[PDB]
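**Q** Before anything else, here's the structure in question.
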Amino acid sequence: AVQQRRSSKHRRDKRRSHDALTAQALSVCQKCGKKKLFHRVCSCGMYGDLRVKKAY
Amino acid sequence: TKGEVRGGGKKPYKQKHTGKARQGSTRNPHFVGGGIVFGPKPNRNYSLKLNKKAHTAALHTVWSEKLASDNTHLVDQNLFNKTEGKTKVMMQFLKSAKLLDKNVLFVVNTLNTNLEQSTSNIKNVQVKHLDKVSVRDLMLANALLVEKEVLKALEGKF
Amino acid sequence: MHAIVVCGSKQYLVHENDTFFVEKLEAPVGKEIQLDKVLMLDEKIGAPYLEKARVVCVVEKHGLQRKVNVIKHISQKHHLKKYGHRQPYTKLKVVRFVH
Amino acid sequence: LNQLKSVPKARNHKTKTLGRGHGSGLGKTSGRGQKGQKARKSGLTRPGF
Amino acid sequence: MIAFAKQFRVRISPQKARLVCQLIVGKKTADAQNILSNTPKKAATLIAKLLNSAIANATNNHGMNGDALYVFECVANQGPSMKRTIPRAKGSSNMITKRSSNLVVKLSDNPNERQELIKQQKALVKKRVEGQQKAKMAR
Amino acid sequence: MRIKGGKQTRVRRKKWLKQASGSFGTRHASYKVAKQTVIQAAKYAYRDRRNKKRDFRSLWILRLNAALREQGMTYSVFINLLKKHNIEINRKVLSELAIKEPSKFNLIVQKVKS
Amino acid sequence: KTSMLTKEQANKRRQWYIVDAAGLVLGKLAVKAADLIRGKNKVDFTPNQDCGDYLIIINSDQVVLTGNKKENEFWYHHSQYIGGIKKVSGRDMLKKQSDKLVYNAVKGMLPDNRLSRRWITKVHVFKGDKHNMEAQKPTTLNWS
RNA sequence: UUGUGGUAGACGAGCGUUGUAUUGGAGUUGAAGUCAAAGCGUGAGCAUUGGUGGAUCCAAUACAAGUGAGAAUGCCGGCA
RNA sequence: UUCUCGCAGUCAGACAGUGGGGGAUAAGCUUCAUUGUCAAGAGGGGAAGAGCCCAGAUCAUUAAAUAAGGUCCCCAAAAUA
RNA sequence: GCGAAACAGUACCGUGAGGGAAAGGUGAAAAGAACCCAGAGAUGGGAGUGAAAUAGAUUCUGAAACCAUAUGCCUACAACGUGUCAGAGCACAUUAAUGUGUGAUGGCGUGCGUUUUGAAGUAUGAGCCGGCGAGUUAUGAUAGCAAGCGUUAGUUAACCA
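This is the structure:
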């Protein structure tokens, strides 16, 4: 469907206002020097302290 | 004008099924493509009729103003000589005659070469002959050095 | 204590130590004017108009009213007549009294 | 009366331009009503009509 | 305290860049670098590299604290986008645009560095008021 | 003789823009719509220069009549009392301000007694 | 040029009052409540400076109505649905809510204004005389 | 004294812009154009200030106007 | 309002009354003569408004006295019998 | 302004006759941002150059509309072309000016043309900004105003200097 008139910028910004993005959850990774996002693996490839997979 | 510009007369749009203006031409004077019918027209006369009686009356009045202006002191034929084209001595003369800022006009009927080689380097001075002097040129100067032979001829001319 | 004066067609209740604007009454700046078309100064009133009652006032400036832009128009009929309005007035204040 | 001062004696009378201006007439109707045949280009039919 | 880092024409829509960077404006870099290295956004690496270059310039080229720096303001400017024609059904076409962006972010050290802008604006309007006053000082 | 002629039009449009300010967003930056809103505001101003002048009278009359009926006598009978005896010309606003300066309306209400 | 009118700003005061409804009839009590709340009884009335006070109306149920009116004129309330008109009579409202009836009457009697909604809730109306609203030290202003 | 609504429509009186003729002025101490400001104007308009700007412009009188912009489902460029 | 000269627009009108033509002495119907209005001119009363009633405006003024109309409250003005 | 200030009738369009655009500007002299830092690099930042780097090759300039963010204020029970006049509250202090900036609330307030009997309209037109955009001239005539001449005036056309 098509509106008979152009949409006001105020509904543009007000409707887009719901698109605010939440922040990421983080953790504390001690042996690897990383501030790792929660319940994931760190840049060292250690998830909960295990060198499960090689760094490179 | 419309037909003076190059371009084939045809409708780029179909007359129906188009929401824009009619636009029944590729080029249209409301475009930038041309077709202007209101511009410079090279057909005017650039002339206006003026009778000789009124013109002669205007000349009589302007020469009356000149003689009454009093800043029309007389000169002689012999004084037009004594120089080849040396304006510097003539410049000293004219500043000694308190003319530097206002235009200076010379009247002549003998066409002396000494004056014409001079007074032809500065916009503040120019010579002109009685047959070719016009009312504007007379009042363009406000400062004239008049010769002695124009007097009787001008009086007899009326 | 106070007075009521009539300037133009408007009444003004003025006490002491009060400054105010009124209509232009052809008064030079810094001069003293006795005002007579007054009413109800202090237990003093006359029936049609108050008699033998005045009030001193001192003018301090002449001014012009705020320039309003009166653009009176008839729409769809091309009427668009425009004018700018400033109205003269005098700012003045009373001094002590006079009766 | 010089080039620095030139004023005529009662000339430059009332002119009329019908293409511009709207606060003093001479706009779209241009002082000749509306919907006349003469409003179309090249009106003013032959005087013998 | 400018600490800016201009980018000048990487091809990305600033509409999404503003939306992703409200979450980092006014906050430090230590708590932001980790999250930007982890956020699932296209401009994450771009903004991370830009802020790293800005920090390097601030520390080396000028010399400041680093422990109290934080993003002063977001801005993702709209430069010249590029227009390309796309064909469609029934021999029709549309004229779509691909957006670019200028990225520049200043870094501030104190809880201040905003008010002096108003102070200097007031100064430049004052010098105007003395300029106007001097106009009537002619005798 | 071709003249670009662009500065005068932009100056006139700047003046039109400066006619009003602080409007509802797009209105204070839309030239034609701003002009129309300015015209509507001028109509408001003229119509109001009529209405407020006619309505101050009603406001004063009401605010007096409230007290007068709280004093026991209506506004119209008060006007008649003025008319029939001791006709004192006074503004309804000034009778208001007489209340704002207390201990003086008592002189009026004792003077109205014929 | 200047005779500027003076009205108080940011100055407000609201008192508690007591009014009866035994001999009263809806119209006169309604107009008196309306011009009391609405400020038509203050020498210093200001349209935007809290012209209203607090009112308490007691024993509304014994109000007298002129006979068949109680079943002649009907009070309707329409819901969001078709046939949503619920229609009641005077005898029904007299035992269920006449305080709401006088509420409706005075709200339709008051100007439909942004402040009038705050004006209309300034009055506490009860069919009895034993409740919490009597602990605010009210004033016996009846027939007012 | 009479007024002073006013369509189309008639009249009268005006303002502004470009440039030519001249007088005159101003001009890196900063022209034009520019934005910004809390003026003067009965109106077409006229200032002032401060910063950008980097080199002509304006005051007065006439003359000739590609001489006066909101609409033309107008045209172009950019922007939604 | 008569005379001359210049410039035109105007012949797609509408409403109401008074009296008529048609029709159903029907229609906010059509066409008419007169009266006024709107077009071309706004306000106040009619809750709303081109034609209805009172009306016929340079502008401004925190003034008064009135017309139609109105005076239980909305919404400004009164009561007495 | 020749369509064309440039490798212009060019690119491009059709298969072909034919149709047919756009875009110029560095600084004084490039001395064109050498050297360092970050990054893969572009690039950015320093530093340097230079009178100036709001002179950085993105280049004479840089309004509007368009998109943002922030100074001070208001706003999440409210029937509004969102404004006027009153109006606190707040934050200030000017082209010293009956000061400015925002406006809780009160009173009231159904666009601009267009053609039209008559449109606030659900008739049409407009997304916005900028630019551009439509009563000239020739030969005469009519009438007015003004000027000149003047009652055997006056005018010269073409034409020559």
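Chains as they are written, first to last, in this note's numbering: chain A, 228 to 283; chain B, 2 to 159; chain C, 21 to 119; chain D, -9 to 39; chain E, 814 to 952; chain F, 9 to 122; chain G, -3 to 140.
Think of the CB as a built atom: it goes at the ideal place given N, C-alpha and C, for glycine as much as any other residue.
Can you tell me which of the three DSSP states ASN52(B) falls into?
**A** coil
**Q** Smallest Cα separation from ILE868(E): which of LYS841(E), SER906(E) and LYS829(E)?
**A** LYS841(E)
**Q** Could you please give me the residues that DSSP links to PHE94(B) through a beta bridge?
**A** BP columns for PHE94(B) are empty, so no partner.
**Q** What is the DSSP secondary structure of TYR39(F), counted as helix, strand or coil?
**A** helix
**Q** CA-CA distance, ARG10(D) and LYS236(A)?
**A** Their backbone Cα atoms lie some 37 Å apart in a straight line.
**Q** Mapping the DSSP letters down to three states, classify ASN79(B) as helix, strand or coil.
**A** helix
**Q** Considering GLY4(B), what are the terminal residues of the alpha helix (DSSP H) in which it resides?
**A** Here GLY4(B) belongs to no alpha helix (DSSP H), and DSSP marks it neither H nor E.
**Q** Check whether the Cβ atoms of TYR83(F) and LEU72(F) lie closer than 9 Å to each other.
**A** Yes, these two residues count as a Cβ contact at 9 Å.
**Q** Using DSSP with H/G/I as helix, E/B as strand and the rest coil, what is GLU150(B)?
**A** helix
**Q** What are the partner residues of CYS27(C), as DSSP defines its beta bridges?
**A** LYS30(C)
**Q** Give the DSSP bridge partners of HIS99(C), in chain order.
**A** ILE94(C)
**Q** Is it the case that the region 98 to 107 of chain C contacts the region 24 to 40 of chain G, given that we only count it when at least three CB pairs across the two stretches are under 8 Å?
**A** As far as the Cβ criterion goes, the region 24 to 40 of chain G does not touch the region 98 to 107 of chain C, which means the pair count is below three.
**Q** By the 9 Å beta-carbon criterion, what residues does the region 241 to 258 of chain A contribute toward chain E?
**A** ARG243, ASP246, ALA247, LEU248, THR249, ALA250, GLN251 and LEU253
**Q** Using only the alpha-carbon positions, how far apart do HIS93(F) and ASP95(G) sit?
**A** 48 Å
**Q** Compare the C-beta of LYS(-3)(G) with all C-beta atoms of chain C and state if any pair is closer than 9 Å.
**A** yes
**Q** If you measure beta-carbon to beta-carbon, which residues of the region 844 to 856 of chain E are closer than 7 Å to chain A?
**A** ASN847, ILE848, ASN851 and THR852
**Q** Could you check where the beta strand (DSSP E) with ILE52(G) kicks off and where it finishes?
**A** 51 to 54
**Q** Any idea which residues DSSP pairs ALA889(E) with across the strands?
**A** In DSSP, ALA889(E) forms a bridge with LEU916(E).
**Q** Can you give the Cα-Cα distance for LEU139(B) and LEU8(D), rounded to whole angstroms?
**A** Spanning the alpha carbons of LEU139(B) and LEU8(D) requires a straight line of approximately 41 Å.
**Q** Between which two residues does the beta strand (DSSP E) harbouring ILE899(E) extend?
**A** 895 to 900
**Q** How close, in whole Å, do the beta carbons of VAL128(B) and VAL109(B) come, if the pair is a contact with beta carbons under 8 Å?
**A** About 6 Å; that satisfies the 8 Å criterion.
**Q** Would you kindly work out how many angstroms separate the C-alpha atoms of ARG45(B) and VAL229(A), rounded to a whole number?
**A** Their backbone Cα atoms lie some 57 Å apart in a straight line.
**Q** Looking at the structure shown, is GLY83(C) part of a helix, part of a strand, or coil, going by DSSP?
**A** Looking at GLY83(C) - three-state DSSP - the assignment turns out to be strand.
**Q** Among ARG824(E), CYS834(E) and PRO853(E), which one has its Cα closest to the Cα of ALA252(A)?
**A** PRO853(E)
**Q** Touching or not, the region 63 to 78 of chain F and the region 29 to 38 of chain G, by the rule of three or more beta carbon pairs under 8 Å?
**A** yes
**Q** Leaving out the 5 sequence neighbours to the left and right, which residues in its chain are closer than 8 Å to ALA59(B) when beta-carbon positions are compared?
**A** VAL136
**Q** At a cut of 8 Å, does the region 105 to 123 of chain G reach the region 44 to 61 of chain G through at least three beta carbon pairs?
**A** Segments in contact, yes.
**Q** Mind checking whether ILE116(F) and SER103(F) have CB atoms under 9 Å apart?
**A** For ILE116(F) and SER103(F), yes; Cβs fall inside 9 Å.
**Q** From the DSSP secondary-structure annotation, give me the bridge partner or partners of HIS22(C).
**A** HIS35(C)
**Q** Taking C-beta to C-beta, are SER850(E) and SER244(A) nearer than 9 Å?
**A** no
**Q** In whole angstroms, give me the CA-to-CA distance for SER122(F) and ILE95(F).
**A** 11 Å
**Q** Please list the partners that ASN94(F) has in chain C, where partner means a Cβ-to-Cβ separation under 7 Å.
**A** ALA67
**Q** In three-state terms, what does DSSP make of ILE69(F)?
**A** helix
**Q** Are the region 882 to 889 of chain E and the region 913 to 926 of chain E touching by the rule of at least three beta carbon pairs closer than 8 Å?
**A** yes
**Q** In chain order, what residues of the same chain have a beta carbon less than 6 Å from the beta carbon of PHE885(E), not counting five sequence neighbours either side?
**A** If we look at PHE885(E) and ignore the five residues flanking it on each side, its Cβ neighbours are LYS919 and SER921.
**Q** Helix, strand or coil, according to DSSP, for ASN113(B) in the structure here?
**A** In the structure shown, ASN113(B) sits in coil (DSSP, three-state: anything other than H, G, I, E or B).
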